[PDB]
Ligand SMILES: CCCCCCCCCCCCCCCCCC(=O)OC[C@H](COP(=O)(O)OCCN)OC(=O)CCCCCCCCCCCCCCCCC
Ligand SMILES: NC(=O)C1=CN([C@@H]2O[C@H](COP(=O)(O)OP(=O)(O)OC[C@H]3O[C@@H](n4cnc5c(N)ncnc54)[C@H](OP(=O)(O)O)[C@@H]3O)[C@@H](O)[C@H]2O)C=CC1
Ligand code: SF4
Ligand code: SF4
Ligand code: SF4
Ligand SMILES: [Zn+2]
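Residue numbers (UniProt numbering), protein chains in the order written: chain A, 35 to 212; chain B, 1 to 144; chain C, 69 to 224; chain D, 21 to 114; chain E, 42 to 248; chain F, 36 to 377; chain G, 18 to 131.
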């Protein structure tokens, strides 16, 4: 189906009343006072702005920001150098290099993320079969240099040791959906 | 009348931060006098007030510390200083603060949160976590 | 009281001025420009902080590189940065401009705006939330707050 | 495991500390290298060994869908103890 | 009834096969290999001398009112000597159906332009030239669109490397944006992913 | 030879050379070109800076990731210099001023600071040290700057031998203080010249040449106890050189003589300035003494640079000063300067 | 062997167009040195023109020469107009790129490549 937007039915009805009405639409700027009153109405509304550093916009548990490598409650490192997070990372941001830990365990000697290549897509955290790397909540890590946004294993483990109280809870909310 | 009620509310806002000293300490430092219920304080000194009658971007707010880890944050306020215990609550990921619903304690989680470090020392310098892959021949210390 | 103290206070004053009235440029190339708009939107109003767009670069104190920078658009960006009058700052927004982003390995992309213009602050994301770019702007304010220019003039 | 080297730098769980002749120590001047104090070797060694009754068992991480894929460990040997591959939890039977 | 797999029609297949017979027997001088895919799509393949007559036919015939060009593409296939498989995606708006017309080319075997039929094809032909190097006869402008101005190469060919041959950066010595030979801080990690097991015996290339 | 200072790559950005260098006058005019020519081939460049971070931004680029390390310092304070040269192979002194200050004199710029830097370099154990004196640097000269620079050239040898001492002529470049300095004499409606410019000879050199020279000398197995004269070709007489400047900058030319004593007093009262002065007594003195015939010394071509004539690169410098009606004028419409040999 | 033409019967009819193109470039160079404030001389610009012509002087197929004439006419369009800039025009000179050595021993001293 369809319907017209700027099609009158037809013409050929005019009277002195309608002519006076159109002539007072003209000559008084009638349809402009309406917009003026609209903007005036907006002057007397509670604005939608927020004091940002103090009061902040709402986010969700699914929100994906900074990255972090997690541990088990034993403090054991949770990644296992399976290297599919780099296989799927569509920006090739992840380089991994691994070895036996001298305990005989599968672990990484390397986990870097160029955060100027990551598109923050979450494929890595939904592919990691142990929930080792996640995409944390943080969005306030702007830096004064490019080199700071080239992460390594230590920075990711520090992000994990930092935001685990928030990461674990958001995961607690968000599983059963994945 | 109505004007009188709103002016009474304004007076309550004006006289609800201690005195003139605290009123100015809040107004020139957050640009808002709005009163809320103190939900809970931090181990650094942040306050985390609340008032649910406001709309869904101003019903929770922080009043930051004046000194976090030796930085003198009376004016240099930033959003990284909110630890993860309160990040979830402030960004409205929950209706459950850490006063009632605290997080699981673990032996590896940081006890002292850190503000954002990008210009100071104590920042992040990258490097290769790996080792020398090829080993060069160490010649003898003797002739012939 | 002392000349060095007077100079420190004058530095504080001029830094406060340049920090409170920074006029970015209507320079938005790709998706990240939409979050820049949303930071111009009512929730995170930039004008609250004294931050208003000027479409001309000569009336601009900062540029926000919000989008992907190609080999074809880099001369224009550099001409515009030059045309900006000092003191001038740059803010790289998004993984496309900080580095290469999702197009780092492609043939018509410069792998970082930092190859062409100097960058004071890098805002990461794809896109960054407008709160994140606002954090970057306030970080630039914190950066201007500690210039100590007249101090080094006195100490030369 | 945050022993230092004779140069004075910290050492990672990947023995990585730059040599005294390496020019790449400049990047840590007026700065610091991020190195994590909580090592996984020490912290998984600071755990008991889970006595069990059977000879085959099953280890998830502990949360079900939050741990690792459910594997099974044999415990017939007594010269040593079983060990999970994903986690490092050890097991034995009496 | 099978919820996981896609439902199939019959009438559209029969319709488009009949219309393929129509075009074949009505335009034989130019036509090769008419075909209809599993999913309902007609696909005609054409000698490059037939581009203008076939496109004018499908635009202006009464039973074929294909008077809207959707795409004009190309596909570089270095195996076949005539590499570029140029494609035209057209719709009707009178019968609510689409059709595909194909012809071949090479670096030195250009094709008649189509702006006399669809004005939409101006920028598309400019794009095909910019990307593959297929010259187009009697085209008004035929200059690049997407690539840089002083660009040497046709990128979307398979024989062109992804990272390119030049790279840009601003030099203080000359105060310009100079082009330098490519040098990456990190090589693109190509991955070999094709499994060595035949998943589709229907497309089993025999020896 | 550590495995990390082994050169790799096709000689460009994102490569390695083994040229870890501390460049002390990097925030200036020659140092920016030096840092550019270093980063252009791949090399870590430690850059000590005392200025504000606004004036290190143009150096923040011109190098791949991690290859540009800035750290703050102070000539008064040792341990801000050992900290810089602690990990380096090469050190390049470009420090210098065209005027004294209350805090720093010419001695405390050309003599005591290179001595400290070279002490730190020898104690750290670096391989090279590139000092930059002036061509006219002589203990029996007229200027405080030139005598101080000869004294520094001697004391640097006395402390750190196995050194390289480059002695350029008056350099010209886009943001120099030689061609721009002579072209800014239009704001005064006539230009003064001692003896009308005659009995004075100038053999200027371009920045790119000196930069490539330094950047090759930090890799040449020669040049360990060698002084150099980075002069450039086409010795020029000052009157004809200023005439070429005021022809390429198409404004006008009203020369007239002036003694040295009144022009010295002019330079003095101009140097009465808390800001960057326009003119100084030592600048006038350095302008009105001729450049030595440099053919007792190697120069550029013994180091791997073919010197560039002024006539080919001057328009890049001087088109800034032109007006409309002349900005769109080419190099071949200025009847070039008259060369001399003497 | 019995292939189709494009704008050419054979090589002389194409060298005609090649000389026309050289003509247009020679007439155009002084206008571009003036419009966009290039810092070079008209002599070396025309030398670069002749150089970039001689880079393809080893060819005999008329179709190659015709496509090269087409590409050169495109470049001449972009250069007659000021669609492109001092950057793209000075990109031919290689003013920053160090000269690739053509001697065996220097290649041996830096790099494993021939
Ligand atoms: C006693 C017998 C004798 C009595 C003699 C007196 C007889 C009565 C005289 C009535 C005349 C009133 C004057 C009105 C002037 C407007 C004329 C007019 O027709 O409008 C002009 C313009 C028309 O626009 P358009 O839609 O194109 O129609 C033209 C069709 N050809 O439309 C416009 O003007 C729009 C452009 C202007 C928009 C500007 C926004 C103004 C917003 C309103 C501001 C109101 C506040 C004014 C406060 C001023 C107080 C100092
Ligand atoms: N025309 C020329 O430029 C010629 C120069 N030379 C020699 O070339 C060298 C450099 O020339 P140029 O590049 O023009 O010098 P510039 O004046 O251009 O910059 C020199 C550097 O010296 C630093 N500097 C000056 N005084 C001090 C100080 N007291 N303490 C610490 N740092 C200081 C400055 O740092 P900041 O600016 O941050 O203070 C600046 O980066 C000098 O040694 C000079 O003798 C010789 C012949 C010609
Ligand atoms: S979020 Fe996406 S782009 Fe970012 S690291 Fe993970 S997989 Fe790569
Ligand atoms: S982070 Fe996860 S997906 Fe990536 S290598 Fe480690 S275990 Fe595998
Ligand atoms: S970083 Fe992401 S959001 Fe920003 S411009 Fe690039 S693709 Fe768009
Ligand atoms: Zn387990």
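In this text, a Cβ means the ideal position worked out from N, Cα and C, and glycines have one as well.
Sorry if obvious, but does the Cβ on residue 86 of chain F come closer than 7 Å to a heavy atom of ligand 2? The residue labelled residue 86 of chain F in the question sits at position 51 within the sixth chain. Yes; taking the cut-off as 7 Å, the Cβ of residue 86 of chain F has a heavy atom of ligand 2 nearer than that.
If we ignore side chains and look at the alpha-carbon of each, how far apart do residue 66 of chain E and residue 56 of chain E end up? As a position in the fifth chain, residue 66 of chain E is number 25, starting the count at 1. As a position in the fifth chain, residue 56 of chain E is number 15, starting the count at 1. Straight-line Cα distance between these residues: approximately 16 Å.
Tell me which same chain residues have a C-beta within less than 7 Å of the C-beta of residue 73 of chain D, skipping the five on either side of it? Walking along the fourth chain from the start, residue 73 of chain D turns up at place 53. The residues are 113.
Run through the stretch 155 to 194 of chain A for me and flag every whole alpha helix (DSSP H) of 4 or more residues, listed as ranges in chain order. Every alpha helix (DSSP H) of 4 residues or more that sits fully in the stretch 155 to 194 of chain A is shown, in chain order, as 157 to 161.
Helix, strand or coil: how does DSSP classify residue 65 of chain A here? Taking the first residue of the first chain as 1, we reach residue 65 of chain A at position 31. Three-state DSSP puts residue 65 of chain A in a helix.
Is the Cβ of residue 354 of chain F closer than 8 Å to any Cβ of chain G? Here residue 354 of chain F refers to the residue found at position 319 of the sixth chain. Taking Cβ atoms only, chain G reaches closer than 8 Å to residue 354 of chain F, which makes this a yes.
Counting by C-beta, which residues lie closer than 6 Å to a heavy atom of ligand 4, in chain order? Chain-ordered list of matching residues: A:113, A:114, A:115, A:116, A:117, A:118, A:119, A:130, A:161, A:162, A:164, A:166 and A:167.
Within 7 Å: the Cβ of residue 109 of chain D and any heavy atom of ligand 6? Translated into the one-based positions of the fourth chain, residue 109 of chain D becomes position 89. Closer than 7 Å to some heavy atom of ligand 6: that describes the Cβ of residue 109 of chain D.
Helix, strand or coil: which one does DSSP assign to residue 197 of chain E? Working through the fifth chain from its first residue, we reach residue 197 of chain E at position 156. Note: residue 197 of chain E maps to coil in three-state DSSP.
If the cut is a Cβ gap below 8 Å, which residues of chain D does residue 108 of chain B touch? Locating residue 108 of chain B in the second chain gives position 108, counting from the first residue. Per Cβ cutoff of 8 Å: 58 and 63.
Nearest-angstrom Cα distance between residue 101 of chain F and residue 105 of chain G? Within the sixth chain, the letter at position 66 stands for residue 101 of chain F. Within the seventh chain, the letter at position 88 stands for residue 105 of chain G. Residue 101 of chain F and residue 105 of chain G: Cα-Cα distance of roughly 30 Å.
Verify the CB distance criterion: does residue 38 of chain F have a CB-CB separation below 8 Å to chain B? In the sixth chain, counting from the first residue as 1, residue 38 of chain F sits at position 3. It does; some Cβ of chain B falls within 8 Å.
Could you list which residues in chain C have their beta carbon closer than 9 Å to that of residue 54 of chain G, in chain order? In the seventh chain, residue 54 of chain G corresponds to position 37, counting from 1. Under the 9 Å cutoff, chain C gives no residues; its nearest Cβ is about 13 Å from residue 54 of chain G.
On the DSSP bridge assignment, give the partners of residue 40 of chain A in chain order. In the first chain, residue 40 of chain A corresponds to position 6, counting from 1. DSSP lists no partner for residue 40 of chain A.
For residue 81 of chain F, is the classification buried or exposed, using 16 other Cβ atoms within 10 angstroms of its Cβ as the cut-off for buried? Here residue 81 of chain F refers to the residue found at position 46 of the sixth chain. Buried, because 16 or more other Cβ atoms sit within 10 Å of the Cβ of residue 81 of chain F.
Of all the residues that make up the stretch 113 to 146 of chain C, which are near chain E by a beta-carbon distance shorter than 7 Å? If you check each beta-carbon in the stretch 113 to 146 of chain C against every beta-carbon of chain E, the ones closer than 7 Å belong to 139, 140, 142, 143 and 146.
Are there any heavy atoms of ligand 2 lying less than 7 Å away from the beta-carbon of residue 204 of chain E, as far as the coordinates show? Looking up residue 204 of chain E in the fifth chain gives position 163. Every heavy atom of ligand 2 is 7 Å or more from the Cβ of residue 204 of chain E, so no.
Buried or exposed (CB count within 10 angstroms, at least 16 for buried), residue 63 of chain A: Here residue 63 of chain A refers to the residue found at position 29 when the first chain is read from its first residue. Residue environment analysis places residue 63 of chain A among the exposed positions, since fewer than 16 neighbouring C-beta atoms fall within 10 angstroms of its C-beta.
Is residue 265 of chain F closer than 8 Å to residue 248 of chain F when the C-beta atoms are compared? Stepping through the sixth chain from its first residue, residue 248 of chain F is reached at position 213. Stepping through the sixth chain from its first residue, residue 265 of chain F is reached at position 230. Yes.
Tell me whether residue 117 of chain F sits in a helix, a strand or coil according to DSSP, three-state version. As a first step, residue 117 of chain F is located in the sixth chain; it is residue number 82 there, counting from the start. When secondary structure is reduced to three states using DSSP, residue 117 of chain F falls in the helix class.
Mind checking who residue 109 of chain E pairs with in its DSSP beta bridge? Along the fifth chain, read from residue 1 onward, the residue named residue 109 of chain E stands at position 68. Answer is E:132, bridged to residue 109 of chain E.
How many Å lie between residue 221 of chain C and residue 309 of chain F at the Cα? Here residue 221 of chain C refers to the residue found at position 153 when the third chain is read from its first residue. Here residue 309 of chain F refers to the residue found at position 274 when the sixth chain is read from its first residue. So the two alpha carbons sit approximately 9 Å from each other.
In terms of residue numbering, what span does the beta strand (DSSP E) encompassing residue 160 of chain C cover? Locating residue 160 of chain C in the third chain gives position 92, where the first residue counts as 1. Its beta strand (DSSP E) spans residues 157 to 161.
Residues in the stretch 155 to 170 of chain C with C-beta within 8 Å of chain A's C-beta atoms, listed in sequence order? The residues in question are 163, 166, 167, 168, 169 and 170.
Min CB distance residue 102 of chain D to chain A below 8 Å: Within the fourth chain, numbered from 1, the residue matching residue 102 of chain D stands at position 82. Chain A, which has no Cβ nearer than 8 Å to the Cβ of residue 102 of chain D, makes this no.
Ligand 3 and residue 91 of chain E: does any heavy atom of the ligand fall closer than 7 Å to the residue's C-beta? Counted from its first residue, the fifth chain places residue 91 of chain E at position 50. The nearest non-hydrogen atom of ligand 3 is 7 Å or more from the C-beta of residue 91 of chain E.
Would you list the residues sitting across from residue 96 of chain C in a DSSP beta bridge? Here residue 96 of chain C refers to the residue found at position 28 when the third chain is read from its first residue. As computed with DSSP, residue 96 of chain C is found in a beta bridge with C:134.
Cβ atoms of residue 85 of chain A and residue 32 of chain B: under 8 Å apart, would you say? Within the second chain, numbered from 1, the residue matching residue 32 of chain B stands at position 32. Within the first chain, numbered from 1, the residue matching residue 85 of chain A stands at position 51. For the pair residue 32 of chain B and residue 85 of chain A, the CB atoms are nearer than the 8 Å cut-off.
Below 8 Å between beta carbons is the criterion; list the residues of the stretch 26 to 60 of chain D that meet it against any residue of chain F, in chain order. Listed in sequence order: 39, 41, 42, 43, 44, 45, 46, 47, 49 and 50.
Under the DSSP definition of a beta bridge, which residues are partnered with residue 166 of chain F? Residue 166 of chain F sits at position 131 when you count from the first residue of the sixth chain. DSSP, once it has assigned bridges, lists F:128 and F:200 as partnering residue 166 of chain F.
Taking its Cβ as the centre, do 16 or more other Cβ atoms sit within 10 Å of residue 65 of chain D, making it buried, or is it exposed? For the purposes of this step, residue 65 of chain D is taken as the residue at position 45 of the fourth chain. It counts as exposed.
Would the beta-carbon of residue 244 of chain F fall within 8 Å of that of residue 343 of chain F? For the purposes of this step, residue 244 of chain F is identified with residue 209 of the sixth chain, where counting begins at 1. For the purposes of this step, residue 343 of chain F is identified with residue 308 of the sixth chain, where counting begins at 1. For residue 244 of chain F and residue 343 of chain F, yes; Cβs fall inside 8 Å.
On the DSSP letters alone, give me the boundaries of the alpha helix (DSSP H) that residue 99 of chain F sits inside. Stepping through the sixth chain from its first residue, residue 99 of chain F is reached at position 64. According to the DSSP assignment, residue 99 of chain F belongs to no alpha helix (DSSP H), since it is labelled neither H nor E.
Short-range partners of chain A found in the stretch 75 to 92 of chain D, where Cβ spacing is below 7 Å: Against chain A - using a Cβ distance shorter than 7 Å - the residues of the stretch 75 to 92 of chain D are 81, 82, 85, 86, 88 and 89.
Measure from the C-beta of residue 38 of chain G to each C-beta in chain E and report whether the shortest distance is under 8 Å. Taking the seventh chain and counting its residues from 1, one reaches residue 38 of chain G at position 21. At a cut-off of 8 Å, the C-beta of residue 38 of chain G has no neighbouring C-beta in chain E.
Cβ-Cβ separation, residue 127 of chain F to residue 105 of chain F (assumed contact under 8 Å), whole Å: Here residue 105 of chain F corresponds to residue number 70 of the sixth chain, with the count starting at 1. Here residue 127 of chain F corresponds to residue number 92 of the sixth chain, with the count starting at 1. That belief does not hold up - the Cβ atoms of residue 105 of chain F and residue 127 of chain F are roughly 15 Å apart, past 8 Å.
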